[PDB]
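This document starts with one chain, in the form deposited without the ligand, laid out as structure tokens.
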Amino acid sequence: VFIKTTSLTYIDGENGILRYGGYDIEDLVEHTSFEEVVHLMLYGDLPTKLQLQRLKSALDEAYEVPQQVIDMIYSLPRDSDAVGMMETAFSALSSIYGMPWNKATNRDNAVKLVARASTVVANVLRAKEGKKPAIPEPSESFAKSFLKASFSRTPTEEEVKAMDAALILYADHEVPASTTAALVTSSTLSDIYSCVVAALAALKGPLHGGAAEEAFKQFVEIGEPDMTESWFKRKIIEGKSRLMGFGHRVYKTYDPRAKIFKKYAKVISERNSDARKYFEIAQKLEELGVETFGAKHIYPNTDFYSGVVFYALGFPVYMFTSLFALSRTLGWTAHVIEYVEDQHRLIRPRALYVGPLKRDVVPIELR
């Protein structure tokens, strides 16, 4: 059931093609940047030099949020689900910054929102690690500012590029329950931050979030590359567990996102023996997996190497769905702007009554 039209994202699952706004994902990753893709999704084209300068200034000025928002993150239990911590922070952002829908300013509000997602996700990691807070600051890119804030160290250029690619790769895809919850909430003209709140509330559910985690947890369980064949023979072949990070409801080929996350995984994993080990296990499972499942059109999906990237960057496994959400704030905001501006109606379905027929209240003594 088509819930809306979109100009945002095109997917050809037979051919393994994904495009944003007519541009193929690989072309966007190699030759653009998350900032540029932000402009594409909100404004419908890649930006000129001047338009990009202005968008970058708008991002920069938005990073800072009130200290109350950070305090909230840091007052939650440190073992709380990171997506829930985001949910809470975005609720507070909605209460502080939420504005009515307005064509002249919707995209500007979305841009500020994406900046603030960066601040939120960095501080969720830092709260859960017991580190001091850090607010992103201007740098040569959104991906670098995010990494600097997350880790308190200047990242290398190859780390910057891999984060930038990950931001683009997960920006938008299909209409999952998170995007649906955002749409419902936008149907009442609740503010864009509250549309994201709803999306996160849905994301927290284990039938939606947790895919990049469950994939990478295979690798962790294997532990060492020379144990992969055994774990595969035991867990997948003999015990017919699903191989996580394989298979897709739309793609009948390699997910075009998978190949890309892999390329960046290979580059940034080689520095650290730990990240390299998991990259090496994942590569071996990829082979055993395609040898076993490829003839069935079951290939790596976007979630198979994304953990390997995030892990190589220095992110714990508990951050993986939050890092997905950081990226997907772009598609969430762009979908709700399209929906409100072009296709609005209040979402109010019906429930069919199948319950009891008329009966009278009996006094409680008689029950």
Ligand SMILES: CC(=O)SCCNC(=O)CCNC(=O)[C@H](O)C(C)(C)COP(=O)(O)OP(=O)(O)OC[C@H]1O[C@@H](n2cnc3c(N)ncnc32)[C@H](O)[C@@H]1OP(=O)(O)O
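The first residue of the sequence shown is number 1, and the count goes up from there.
The next section is about a form of this same protein that is not shown, the form deposited with the ligand bound.
Would the site accept the ligand without a clash, i.e. open, or is it blocked, meaning 3 or more of its atoms lie within 2.4 Å of backbone or C-beta after superposition from the pose in the entry with it bound? With the ligand superposed from its pose in the entry with it bound, the site reads as open.
Given that the partner is absent here, state which listed stretch (171 to 179, 259 to 267, 209 to 217, 116 to 124) has heavy atoms within 4.5 Å of the ligand in the entry with it bound. Selected range: 209 to 217.
If we define contact as a non-hydrogen atom of the residue within 4.5 angstroms of the partner, is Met244 a contact of the ligand in the entry with it bound? Result yes; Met244 sits at the interface with the ligand in the entry with it bound.
Would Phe293 count as touching the ligand in the entry with it bound under a 4.5 Å heavy atom rule? Output for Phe293 is yes: heavy atoms within 4.5 Å of the ligand.
Give a yes or no for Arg249: in the entry with it bound, does one of its heavy atoms lie within 4.5 Å of a heavy atom belonging to the ligand? Heavy-atom contact with the ligand at 4.5 Å: present for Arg249.
Examine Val340 and determine whether its closest non-hydrogen atom to the ligand in the entry with it bound is within 4.5 angstroms. Flag for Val340 set to no.
What is the one choice in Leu52, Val317, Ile70, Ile298 with a heavy atom within 4.5 Å of the ligand in the entry with it bound? Partner contact (heavy atom, 4.5 Å) among the options: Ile298.
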